[PDB]
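A quick write-up on the structure given underneath.
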Amino acid sequence: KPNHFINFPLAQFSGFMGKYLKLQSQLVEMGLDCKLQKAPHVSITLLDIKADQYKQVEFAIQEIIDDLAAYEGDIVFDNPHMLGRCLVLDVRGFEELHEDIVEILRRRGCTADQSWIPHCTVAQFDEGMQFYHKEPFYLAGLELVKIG
Amino acid sequence: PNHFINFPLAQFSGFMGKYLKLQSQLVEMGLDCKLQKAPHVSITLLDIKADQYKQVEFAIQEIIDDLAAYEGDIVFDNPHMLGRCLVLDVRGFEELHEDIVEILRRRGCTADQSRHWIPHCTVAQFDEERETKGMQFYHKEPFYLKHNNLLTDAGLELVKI
């Protein structure tokens, strides 16, 4: 606990990438001691899973993908802020997709953490920034990825 | 093929401003490259055994004592590809290089190569022999030692690999 997680890659959103790299570029100009996040994403849910349950996760993901039009709407990124040692963005528009895939996962006997604040990691620092992107999700990007 | 003598540039806030702005442009274009964190100019490479450290420190110190002979302008320009790294050309360390090499040799340290020495400042290293977009950098740092600052600063260093 945890173990793997279900990921939503943001690298595809050329709109989001534009202002994301711009914010990272800004971190560099200030000369902060940071590690820049290379492949920006949003972790939809953590999992505690054994390899003999991978297929379940597939079907769980498969189910959401099929009914994807239900989860259309706007994704918004805003309010940069610290989260321990990470600079992070607030993500909003994945709440419905989150709680659905958690049900399905538990109904398949996948422990998936029900209880969740959706963020996007920007930079890891060793020890008032402004950002806003409103992304039309509209009309498959979901991965099982292992930690880490 | 062993050790090198280093001139760190991080204390030059003027140079640093422009060098971060250049690195920032790299990040903004989204390039697969690893930025350098402690910019520096390699002054010479040497083949040194760990019992020649004392004699290296002494050469470095011998130059530092005559640092006023090298006062002038470090000029940084021409961001260009040099192998896999993006790299700035550096000018103003030519005598300092010659001299510390001479010192190091009579101290019995083997330094430099027979090939022409060309001094650079590394901006970023790429993954696979990438491309020089029309990158543009120019800066002139004054290189002088202070007189009303007995707090002095940084300078030459001997580093591993």
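As given, the protein sequences belong to chains B and A, one line each in that order. Numbers 6 to 120, 123 to 134, 140 to 151, 160 to 168, taken from the authors' numbering, label the letters of the first sequence in order. Numbers 7 to 167, taken from the authors' numbering, label the letters of the second sequence in order. Virtual Cβ for every residue (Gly too), placed ideally from N, Cα, C.
In the pairwise beta carbon analysis, the region 92–109 of chain B is classified as touching the region 44–52 of chain B: at least three pairs are separated by under 8 Å. Residues of the region 19–52 of chain A that bring their beta carbon within less than 9 Å of a beta carbon in chain B comprise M22, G23, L26, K27, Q29, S30, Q31, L32, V33, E34, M35, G36, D38, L41 and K43, in sequence order.
Under the 8 Å Cβ criterion, the region 126–139 of chain A counts as touching the region 87–98 of chain A, having at least three qualifying pairs. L151(A) is not a Cβ neighbour of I69(A), given a cutoff of 8 Å. In this structure, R136(A) keeps its C-beta atom at 8 Å or more from the C-beta atom of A65(A). Inter-residue distance for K43(B) and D159(A) is about 35 Å (C-alpha atoms, whole angstroms). For the 8 Å CB-CB criterion, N8(B) and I80(B) do not form a contact. Within its own chain, the residues whose Cβ lies closer than 7 Å to the Cβ of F143(B), once the five positions on either side in sequence are excluded, are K24, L28, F82, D83, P85 and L94, listed in chain order.
Sequence-distant partners of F18(B) (beyond 5 residues in either direction) whose C-beta falls short of 7 Å from its own C-beta, in its chain, are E147. Within the same chain, and ignoring the five residues on either side of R111(A) in sequence, the residues whose Cβ sits closer than 7 Å to its Cβ are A117. Scanning the region 53–96 of chain B from its first residue to its last, the whole beta strand (DSSP E) runs of 3-plus residues come out as 79–88. For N12(A), the closest alpha carbon among the candidates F99(A), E134(A) and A130(A) is that of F99(A). In its chain, beyond the 5 residues on either side, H46 and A160 have a beta carbon closer than 6 Å to the beta carbon of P14(A). With 16 or more other Cβ atoms from the protein chains shown falling within 10 Å of its own Cβ, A130(B) counts as buried. Rounded to the nearest whole angstrom, the C-alpha separation of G20(B) and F149(B) is 11 Å. The continuous beta strand (DSSP E) containing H145(B) extends over residues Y144 to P148. The beta carbon of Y59(A) is closer than 6 Å to none in its chain, skipping five residues each way along the sequence. Just so you know, the alpha carbons of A56(B) and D57(A) end up roughly 54 Å apart. Between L164(A) and the set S30(A), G36(A) and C115(A), the nearest pair of CA atoms involves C115(A).
In the same chain as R97(A), and ignoring 5 residues on each side of it, the C-beta atoms closer than 6 Å to its own belong to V81, in chain order. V33(A) is positioned such that its CB atom lies no closer than 8 Å to that of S120(B). Beta-bridge partners of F10(A) (DSSP): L51(A) and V165(A). Put simply, of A16(B), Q67(B), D133(B) and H145(B) the residue whose alpha carbon is nearest the alpha carbon of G36(B) is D133(B).
In the DSSP assignment, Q131(A) falls within the unbroken beta strand (DSSP E) covering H126 to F132.
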